[PDB]
Amino acid sequence: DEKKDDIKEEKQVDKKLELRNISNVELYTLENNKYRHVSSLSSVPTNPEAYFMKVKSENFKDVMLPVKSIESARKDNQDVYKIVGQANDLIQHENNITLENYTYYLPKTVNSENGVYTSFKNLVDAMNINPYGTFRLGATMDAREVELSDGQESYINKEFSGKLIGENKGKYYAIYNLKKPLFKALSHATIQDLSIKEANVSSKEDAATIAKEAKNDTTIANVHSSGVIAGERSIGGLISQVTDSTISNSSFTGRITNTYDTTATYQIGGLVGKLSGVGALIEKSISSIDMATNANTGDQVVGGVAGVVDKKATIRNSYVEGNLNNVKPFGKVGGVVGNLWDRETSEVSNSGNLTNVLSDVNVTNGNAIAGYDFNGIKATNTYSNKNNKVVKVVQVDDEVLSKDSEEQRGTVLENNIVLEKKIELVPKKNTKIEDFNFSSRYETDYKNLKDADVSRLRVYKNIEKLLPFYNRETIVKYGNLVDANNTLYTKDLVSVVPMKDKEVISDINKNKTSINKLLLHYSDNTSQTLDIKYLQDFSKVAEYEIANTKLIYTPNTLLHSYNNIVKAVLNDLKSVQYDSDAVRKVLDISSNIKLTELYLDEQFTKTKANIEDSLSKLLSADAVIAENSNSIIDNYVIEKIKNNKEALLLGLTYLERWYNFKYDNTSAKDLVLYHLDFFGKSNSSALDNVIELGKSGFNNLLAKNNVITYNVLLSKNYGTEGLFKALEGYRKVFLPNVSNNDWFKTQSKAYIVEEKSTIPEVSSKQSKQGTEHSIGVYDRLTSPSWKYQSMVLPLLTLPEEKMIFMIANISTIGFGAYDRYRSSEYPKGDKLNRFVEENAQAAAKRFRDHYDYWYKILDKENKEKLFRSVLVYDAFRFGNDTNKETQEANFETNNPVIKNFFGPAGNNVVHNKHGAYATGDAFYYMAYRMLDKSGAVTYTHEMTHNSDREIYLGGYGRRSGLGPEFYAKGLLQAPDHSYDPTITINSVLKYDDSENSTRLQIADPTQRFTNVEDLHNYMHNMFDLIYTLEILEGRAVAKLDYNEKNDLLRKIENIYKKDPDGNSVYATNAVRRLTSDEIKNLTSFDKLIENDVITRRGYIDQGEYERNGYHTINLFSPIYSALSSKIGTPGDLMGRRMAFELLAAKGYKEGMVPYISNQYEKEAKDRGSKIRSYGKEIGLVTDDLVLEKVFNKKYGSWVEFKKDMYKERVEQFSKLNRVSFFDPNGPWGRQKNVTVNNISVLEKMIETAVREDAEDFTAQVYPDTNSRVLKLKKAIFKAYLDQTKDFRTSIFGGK
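Conventions adopted
Residues numbered from 1 in each chain as written, not as in the entry; some residues may be left out. Heavy atoms only, no water. Salt bridge = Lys/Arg side-chain N within 4 Å of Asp/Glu carboxyl O. Helix = DSSP H or I, 4+ residues; strand = E, 2+ residues; numbered from the N terminus. Buried < 20%, exposed > 50% of the residue type's maximum accessible area, 1.4 Å probe, protein only. Expected span 1.5 Å × (residues − 1). Polar contact = N/O pair within 3.5 Å; in protein donor to acceptor, adjacent residues only side chain to side chain. Contact = heavy atoms within 4.5 Å. Axes fitted to C-alpha atoms, helices over the stretch in contact; angles between N-to-C directions. Parallel < 35°, antiparallel > 145°, perpendicular 65-115°, else oblique. Left-handed = near helix turned anticlockwise from the far one by under 90°. Nonpolar A, V, L, I, M, F, W, Y, C, P; charged D, E, K, R; others polar. Pairing = 2+ DSSP bridges. Patch = residues over 30% accessible without salt bridge, like charges linked within 9 Å, V, L, I, M, F, W, Y side chains within 5 Å. Areas by Shrake-Rupley, 256 points an atom, 1.4 Å probe, with all protein chains shown as cover. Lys, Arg positive; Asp, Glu negative; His and termini not counted. Charge placed at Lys NZ, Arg CZ, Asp CG, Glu CD. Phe/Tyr/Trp six-rings, centres within 6.5 Å; stacked < 30°, edge-to-face > 60°. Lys NZ or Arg CZ within 6 Å of the ring centre and 35° of its normal.

Per the deposited record, determination of this structure is attributed to cryo-EM, with the resolution reported as 3.28 Å.

As named in the PDB entry, the protein is IgA1 Protease, taken from Gemella haemolysans. What the PDB record gives as the title of this entry is "G. haemolysans IgA1 protease".

Dropping the structure here:
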């Protein structure tokens, strides 16, 4: 019945190892017992084969394989060498023909004449043999080919040096990865069109990229440099010391750093360290520098573009666009030139010369153009920008300042900068030879291969990540077997093998044990873990079948045996010591400098004890070695490790110390040290990365510079953009769907507390992980506008879990230490912990309350400016268990808090003697403690210092004469205690039923102030009572006799002294005794206001007051005076009193902001009241202008305003007063109820108290205890403040 019909089936394919993607191959040798590169140096067919090939690639890492034979042949009648590699079952494809082994053709020497163009080793050897001559470049050429040193300080170490080094044969070329000065001496040369791209030079001597010196007419031209530079005794962007040389049209774009405290002369500059010739010039030159220096003495001259400029050396049409940053203002620091003045006996006729020089620097602790300003300055032209020229000047609290050595210009720089219109060149990248890829884009058949589907090119390019080292036919087969619905149809980055979230690298060690998982990382940043089981014992390349996809997976390693290498180099790797001289040789360091700032004292022995496993994993992830029995490549690997053992161990220690955190049980040291291909960029190798990090030098390995080191050295080996972007990428792949702030808080061992404000709207704003409004500490530590970004890595890598507590809030983030509150009453365990945790929560709540009050009070969209981040350190005065003492322990100390934090965070505290001080963008608790109750009030004080100029005021700066401590102590800082009889506003503290006797303040600021108008009502009612009491006492002291009036009353007065600027307009209050005629004038209450009378009871001063002083105004001591400084600033006592009176009368924004916050500067300038302060033409706001603006024309003088306020209070109270005043007024034998019902009783009692305190004068050290008037006023104030809830009403009206 059935008729047999055949079925034609597809044919099965043979699988072989193949190298599809190839960039360029390199041949090595063992000719002189050391492994050296050979580049066409093979001139004859070599007799024996001790060579080996290193086939680089751009898809994955290189594949070192030995050489089977060498023969001379011709591919196209040109003499080439048939270098044939070798592998177990390798295969090579050429025009659809399978060759048994990999063969490339190495041509002999090229005919390129008139210059050595090949490679860096050839170039430097030629220039060493023949210093004269012309040496162009033929290709973009890297500088790590040269072994870089025996003890030398430069690549070319001859005086004469590359007299004509062009770098444009037909197109411009570049030199990569420089590590030392290029020439060490330059004399009569004509360097031209060179372009160094990534230079990392570090020399204890004078350090610069293209040369150390320039003796004769060396015409540098079009030489563009870049990269980081670190020096110790001089620095130069291109040349450290030029004489008689014209560095024209060059540039420099990188970082420069000399932060050592050496007491020696150095001339560091971003372009040239010193010009010292009559014919020296710098023309059409740019300098994008990021310099962080430390001058410390008037001889070290940081210099921006150029350092010392001497003997009529010019700076023409130059330009600098960076961020210079000195530490101390002592040395001569300049934005453009550090010193224009001669070092010999200097006549002005031989000074430096500038012309058409701009400066877009954010220079700190230095001038803006020239560091040294003198009478005969010779700039003759210079421009600038509106940027930060901060110079840290020291008051009792530090603060910013300007320098005023500048010619100012607006923001037309985007046009003024492009006078030299050249913007672009085209430096070529490193060249490649070929690509033996099988999939050719041209279509001989509509299918590229035999079985190649045009719809699945992305599937093939994803399979090429799953299956490296496999023939192209098997690649297309497994591409065709990919399921249609499978998610391998999207772009794929490289995959990793976790083994149940462990990220294994040693595949030879762990192939037998099934790799239980396989993490696929996609371009969408989405991840996907697959299950894989070790399928087939293909020992060359381990094969893992995916669970149910029918595909396979082969890890990118050949399961090579590293036992020989490990046992060979372990002995020489374990005989390395941190304090040895070898470490001081691998680090380009002197003998005076100490290795404390590395903070790798313990991790060094940790990674030296555990060196074998990490070394095996590093070799496994380094490269690919294809051998069975010979050791021609193992010897090369052991030589590479042995020659760089110190650098290897230092890089390994650094990367293990600062990257110990984990993403959900997957350590990040594995993903950082190993698996460089996690973000793409599989070209890189782990061992070379670790080596080049180790050789980076002392400055790059420094603990403070972890983020910068990553960004400028560790990046472009991983493919990332920055350190925090890399951490975010790792968090996106491992542990997804969790905000990175939550990951940081669950990884960091610091006790982080974040208090979101109680207002619903701001809480909703903060609870969103989108930055610029978030409260999360990680969203602010990693964001720009945060100076110390190197805080993140130490915070993640914290050892002991009880050493640091972190208080974060709106507009602040504060760091502390458990060991600060340690004492004999609080030992190390289970008591200090609970105390610090509870007090940290309480202090965070108090700080949140403070900024909640200020967020309510601010109205003119300044509340949007309350989202800043100002750090708050603690004392560093760590305690001990035995005594209740403290040790400062700045740095250099073995306290684990200092070593694990506060040291890696590169912040050094000045360590003043008492109190707390503010820096203007930071805040430190020297004597007070952040977790105490007084910590809140001092925090308020110094935050009013920090946020005075911009946030608390309407953005208008402080007034002309008012100092930083005019605002804090008397106006905006919360009172020290509850019972303080001072006119302040309670913001932070909250009293609980125990201070309710002698309270005299607001107990609940979170419930009292709910708007600006609530603050205005509170102040208006408090001043209603204050004015009532002042009226009552004034109407008594006016009805009084001669001597006792003279005793009770004193006259305040304004005396003007010369401010250390040019002006003498700012007033200073002075309390003096008053004359007989003035006393005889005092016959009523109005005359007390007229004659400037003050009360001696409270303000015990009898002499002049002081500017910038901690003065406060008492509630009960009357100041009958209305003192107006028609000349200028009013003073520090009457200033506070008038500010509070204006806050009582007018609102906070309409009054007391105009009075104290320079708001009418524009109108003062328009009306002619202009002055000159520190060379700046600034308006002067006389108090009469303030009165005219706050109140339109109602009041003509402050005396009239004061008398009108008193008249309003009088007309209110003379008829209506609350009966509820029930003060007892006596401790023993008291009157049970005064029961004040009409103001006659209050007036009679106040008059009796004043009359009985005029006689029996106190006049002693104790005027507050023994005075009856103060007791009566305090009793009345407390009774009224108790009657009303706080200050909602004092005289009910309407009926």
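J.: Please clarify how the pattern of salt bridges should be interpreted in this entry.
T.: Side chains that differ in charge, positive against negative, can pair when their charged atoms come close. For the coordinates displayed, the defined rule picks out 58 salt bridges. Of the charged contacts, one joins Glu-755 and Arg-848 as a salt bridge, the two residues approaching to 3.0 Å between their closest N and O atoms. On the criterion of sequence distance, the pair formed by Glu-755 in the loop between β37 (751-754) and α17 (760-766) and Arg-848 in helix α20 (residues 832-857) is long-range, its members being 93 residues apart. Judged by its relative accessible area of 13%, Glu-755 is buried.

J.: How should I be thinking about the environment of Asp-742 in this particular structure?
T.: Here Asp-742 shows up in helix α16 (residues 740-747). Owing to a relative accessible area of 37%, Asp-742 belongs among the partly exposed residues under this scheme. C-alpha separation for the pair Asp-742 and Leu-481, spaced 261 residues apart in sequence, amounts to 41 Å.

J.: When you look at helix α26 (residues 1012-1037) in this model, what are you seeing that I'm missing?
T.: Helical geometry: 3.6 residues make up each α-helical turn, so side chains three or four residues apart lie on a common side. In this model α26 runs 37 Å from its N-terminal to its C-terminal C-alpha over 26 residues, within 8% of the 38 Å that 1.5 Å per residue would give. Among the 26 residues in α26, 22 count as buried, and that is most of the element.

J.: Where do I start with the side chain of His-560 in this structure?
T.: Following the sequence through the fold, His-560 ends up in the loop between β35 (552-553) and α6 (563-574). In terms of polar contacts, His-560 uses its side chain to reach the side chain of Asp-634, at 3.4 Å. In this structure, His-560 is in contact with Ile-508, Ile-625, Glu-627 and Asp-634, ignoring residues within four places of it in sequence.

J.: Before we go on, may I ask you to explain the packing of α6 against helix α10 (residues 632-643) in this structure?
T.: Closest axis-to-axis distance for the α6/α10 pair is 10 Å, and the angle between their directions is 20°. By the angle between their axes, α6 is roughly parallel relative to α10. Every pair of crossing elements has a handedness; the one defined by α6 and α10 is right-handed. Contacts between α6 and α10 involve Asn-564, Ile-565, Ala-568, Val-569, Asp-572 and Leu-573 from the first element and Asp-634, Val-637, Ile-638, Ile-641 and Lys-642 from the second. In the contact of α6 with α10, the residues fall into 7 nonpolar, 1 polar and 3 charged.

J.: What's the story with the side chain of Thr-1284 in this structure? I'm lost.
T.: On the secondary structure map, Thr-1284 appears in the segment after α35 (1268-1283). Assessed through its relative accessible area of 9%, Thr-1284 is described here as buried. Among the polar contacts listed, one links the side chain of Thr-1284 to the backbone oxygen of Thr-1289, at a separation of 2.6 Å.

J.: I keep staring at the environment of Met-141 and nothing clicks. Help me out?
T.: With respect to the helices, strands and loops of the structure, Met-141 is situated in strand β11 (residues 141-142). Put simply, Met-141 and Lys-204 are 63 residues apart on the chain and 26 Å apart in space, counted from C-alpha to C-alpha. Excluding residues that lie within four positions of it along the chain, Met-141 makes contacts with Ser-119, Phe-120, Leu-123, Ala-174, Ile-175 and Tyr-176.

J.: Is there a simple way to think about the sheet that holds strand β42 (residues 922-924) in this case?
T.: Backbone-to-backbone hydrogen bonds pair the strands of a sheet. The strands run either parallel or antiparallel. Strands sit in the order β37-β38-β39-β40-β42-β41 across an open sheet of 6 strands; the sheet is mixed. A single partner strand is all that each edge strand has here, and the edge strands are β37 and β41 (917-918). As paired strands, strand β40 (residues 871-873) and β42 are joined by 3 bridges and run parallel to one another. Considered in β42, the bridge of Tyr-873 is made with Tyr-924. Those strands touched by α20 are β37 and β38 (805-809), and its axis lies near 15° from that of β38. Lying on the sheet, helix α22 (residues 933-946) is in contact with β39 (812-815), β40, β41 and β42; it crosses β42 at an angle near 150°.

J.: Honestly, a positive patch on the surface in this entry has me stumped. Any pointers?
T.: On the surface, a cluster of positive charge is contributed by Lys-386, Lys-1162, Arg-1172 and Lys-1176. Within the secondary structure, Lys-1162 is located in helix α31 (residues 1161-1166). Given a relative accessible area of 57%, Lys-1162 falls into the exposed group.

J.: Would you explain the packing of helix α14 (residues 706-714) against helix α15 (residues 723-733) in this entry?
T.: Angle between the axes and distance between the axes: these two values describe a pair of packed helices. With their axes 8 Å apart at the nearest point, α14 and α15 run at an angle of 85° to one another. Relative to α15, the element α14 is oriented roughly perpendicular. Residues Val-707, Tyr-710 and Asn-711 of α14 touch α15, and the partners they reach there are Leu-723, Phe-724 and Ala-726.

J.: Which parts of the structure should I look at to understand the packing of aromatic side chains?
T.: Here the distance between the centres and the angle between the planes together describe a pair of aromatic rings. Applying the stated rule across the entire model yields 67 aromatic pairs. Judged by centre distance (5.7 Å) and plane angle (85°), the rings of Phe-1116 and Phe-1277 are edge-to-face. With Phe-1116 in the loop between β45 (1093-1095) and α30 (1134-1145) and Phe-1277 in helix α35, this residue pair connects regions lying 161 residues apart in the sequence. For the pair formed by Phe-1116 and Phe-1277, the shared burial category is buried. For the cation-ring pair, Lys-169 lies above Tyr-117, with the distance from its terminal atom to the ring centre recorded as 3.3 Å. A cation sits over an aromatic face here: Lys-863 above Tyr-855, 4.7 Å from the ring centre.

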